[PDB]
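Trainee: Experimental structure and its sequence below.
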Amino acid sequence: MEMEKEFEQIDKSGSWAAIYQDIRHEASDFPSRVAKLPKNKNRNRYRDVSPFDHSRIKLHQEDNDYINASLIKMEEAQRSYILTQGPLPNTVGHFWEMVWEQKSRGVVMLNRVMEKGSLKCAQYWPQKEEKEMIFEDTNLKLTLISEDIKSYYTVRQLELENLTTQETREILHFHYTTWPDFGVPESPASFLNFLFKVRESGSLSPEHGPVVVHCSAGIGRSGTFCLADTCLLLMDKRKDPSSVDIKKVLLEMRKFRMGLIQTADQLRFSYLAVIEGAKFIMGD
Ligand SMILES: O=C(Nc1ccccc1)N1C[C@H](O)[C@@H]2C[C@H]1CC[C@@H]2O
């Protein structure tokens with residue numbers, strides 16, 4: 001079926017939970033043996049969220065190459081994403097090692113450091129220009145260059161230096177600051193505006209390594225971001241945009257990381273975002 005009318009048909013019939021459970025039943029199951037090794041317990045935020053072995057990002061280190069991060073490679077859309085958990089106190093150096101080694105231009109953050117009164121990820125970037133951060137375990141230096149605070153999101157320019165080679169690179173930090181502690185946003189308008197700002201920066205384009213996107217577990221909000229982006233790109237590429245099937249795209253993405261889209265409310269919100277986004281693209 002088309003999307004917008006499939007949407008109203010699920011609303012009128014109140015069957016979002018059943019649609020979402022079907023997706024959960026059909027989703028791929030691949031091994032995640034490296035994630036479960038005892039030496040990696042303090043590298044995982046949640047025991048039930050792990051990268052598959054076949055798609056995990058490997059650190060360029062011979063001691064321990066593990067990070068909780070996955071490469072989502074979308075062949076028809078010609079887009080790739082790295083989805084990862086919010087960094088932990090003992091993985092902030094690994095996180096920036098990955099950004100460096102994978103040649104990423106941008107980092108997309110969809111959570112606040114504290115939500116619901118608890119810490120959802122480490123404070124992994126510097127908050128003042130004159131107070132830079134050094135990660136001694138991976139030999140990197142990170143400096144805040146500029147910060148632009150808007151009503152729904154903040155964009156930061158960061159300098160990452162590989163202290164071993166003295167090479168430097170400019171990284172863009174896109175921080176969506178207004179996702180509610182509970183539920184999903186009422187309107188997708190600010191989330192779509194944010195997606196378009198990431199796109200306009202070059203961070204999603206083939207001349208760079210894959211964008212790094214995270215929330216707390218790296219599957220819920222993060223899944224919504226890449227699902228909406230890929231669906232909108234396919235609607236622009238194809239002769240028949242009504243042929244884009246958001247459930248089929250989600251199942252393809254779940255071949256590369258488990259659990260993408262965590263609730264039926266996140267599934268409905270993803271539909272809403274793609275539907276509204278397709279009107280603004282055109283041509284309108
Ligand atoms: O480092 C950059 N881009 C980049 C490329 C690849 C991977 C990660 C980052 N920058 C962008 C552009 O090249 C120059 C240099 C630097 C800083 C800003 C200036 O526009």
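Mentor: Here it is on my side, so go on. Numbers count the residues shown, from 1 in each chain.

Trainee: Residue 234 is in contact with residue 249, correct?
Mentor: Yes. With contact defined as CB atoms under 8 Å, residue 249 reaches residue 234; the gap is 7.3 Å. Yep, even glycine has a C-beta here, placed from its N, CA and C like the rest.

Trainee: what's the residue closest to the geometric middle of this structure?
Mentor: residue 213 (2.8 Å; CA atoms, centre = their mean).

Trainee: how close does it sit to residue 136?
Mentor: 27 Å (CB to CB, to the nearest Å).

Trainee: How about the residues of the chain by the ligand?
Mentor: Residues of the chain that fall close to the ligand, judged by CB under 6 Å from any ligand atom: 103, 105, 169-170, 208.

Trainee: who wins for neighbours among those residues?
Mentor: The residue in those with the most neighbours, by other CB atoms under 10 Å, is residue 105 (20 neighbours).

Trainee: For that residue, which non-adjacent residue is closest in space?
Mentor: Nearest non-adjacent residue to residue 105, counting by CB to CB, 6 or more residues apart in numbering: residue 208, 4.1 Å away.

Trainee: Show me which pair in the residues of the chain next to the ligand is furthest apart.
Mentor: Spatial extent of these (CB to CB) is set by the pair 103 and 170 at 12.2 Å.

Trainee: Can you name the residues that contact residue 74?
Mentor: Applying CB atoms under 8 Å, 6 or more residues apart in numbering to residue 74 gives the contacts 80-81, 230, 252-253.

Trainee: Let me fix that, I meant to ask about residue 30.
Mentor: Neighbouring residues of residue 30 by CB under 8 Å, 6+ apart: 52-55, 255.

Trainee: Bridge partners for residue 158, pull those for me.
Mentor: Beta-bridge pairing for residue 158 (DSSP bridges): residue 144, residue 171.

Trainee: how far away is residue 31 from the ligand?
Mentor: 32 Å (CB to the nearest ligand atom, to the nearest Å).

Trainee: ugh, wrong one, residue 175
Mentor: Per CB to the nearest ligand atom, residue 175 is found 18 Å from the ligand.

Trainee: And residue 13, by the same measure?
Mentor: Distance of residue 13 to the ligand, given as CB to the nearest ligand atom: 47 Å.

Trainee: where's residue 179 relative to residue 79, distance?
Mentor: Distance from residue 179 to residue 79, by CB to CB: 22 Å.

Trainee: how far is the host helix or strand of the residue nearest to the centre of the chain from where the chain is centred?
Mentor: Per DSSP states H and E, residue 213 falls inside strand 211-214. Centroid separation for strand 211-214 versus its chain: 4 Å, with CA atoms, centre = their mean, to the nearest Å.
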